[PDB]
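Chains as they are written, first to last, in this note's numbering: chain E, 88 to 158; chain W, 88 to 158.
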C-alpha cells in the first residue's frame with residue numbers, strides 16, 4: 088500500500104475530472120427535468136459518490152503527506 | 088372500493104404543493120453546488136419520489152375516474 092507522487096497526481100486528476108464531469112452534467116440534468124427525470128438519482132448518486140471518493144482521496148493523501156494544515 | 092374525486096383532489100393537492108417545494112429546493116441545491124453536496128442524494132430522491140407519486144396518482148385517478156359510482 089504505497090503510491091508515488093506521479094500516481095497521486097494522475098489519480099487525483101482522474102478523480103477531479105470524474106467529479107467535475109458528473110457535477111457539470113448534473114447541472115444540465117437539473118434543467119432537463121421531467122425529460123431525464125428517470126436519470127435524476129443516477130447522476131445525483133454519482134456526483135455525491137465522486138466527491139465523496141474525492142474526499143476519501145484527500146483524507147488518505149493527507150495522512151500520507153503528513154498534510155494536516157492549509158496554506 | 089368507491090372513488091371520490093374531492094378527497095383525491097386534496098391528496099393530489101398535497102402532493103402538488105409538496106413536489107413544487109421539493110422542485111425549488113432541488114433547483115437551489117443544484118446551483119448551491121460544492122455546497123450541500125452531502126444532501127444531494129436526499130433531495131434528489133425526494134423530487135424523484137414526488138414525481139413518481141404524481142405520475143402514480145395520475146394513472147390511478149384516470150383508471151378510477153374512467154368508471155362511475157351511482158348514488
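For every residue, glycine included, the Cβ atom is placed at its ideal position computed from N, Cα and C.
Proximity test, Cβ basis, 8 angstroms: residue i and chain A
i	result
residue 111/W	Among the chains of the structure shown, chain A does not appear; the protein chains present are E and W.
Beta-carbon spacing of residue i, residue j below 8 angstroms
i	j	result
residue 113/W	residue 97/W	no
residue 109/E	residue 127/E	no
residue 152/W	residue 92/W	yes
residue 156/W	residue 94/W	no
residue 135/W	residue 121/E	no
residue 140/E	residue 99/E	no
Test: residue i CB closer than 8 angstroms to a CB of chain E
i	result
residue 128/W	yes
residue 97/W	no
residue 117/W	yes
residue 120/W	yes
Residue span of the alpha helix (DSSP H) that contains residue i, given as start and end
i	result
residue 113/W	92 to 118
residue 150/W	127 to 152
CB contact check: residue i to chain W, cutoff 8 angstroms
i	result
residue 104/E	no
residue 157/E	no
residue 114/E	yes
**Request:** Could you name the residues of the stretch 130 to 143 of chain E whose beta carbon sits closer than 7 angstroms to any beta carbon of chain W, in the order they occur along the chain?
**Result:** 131, 132, 134, 135, 138
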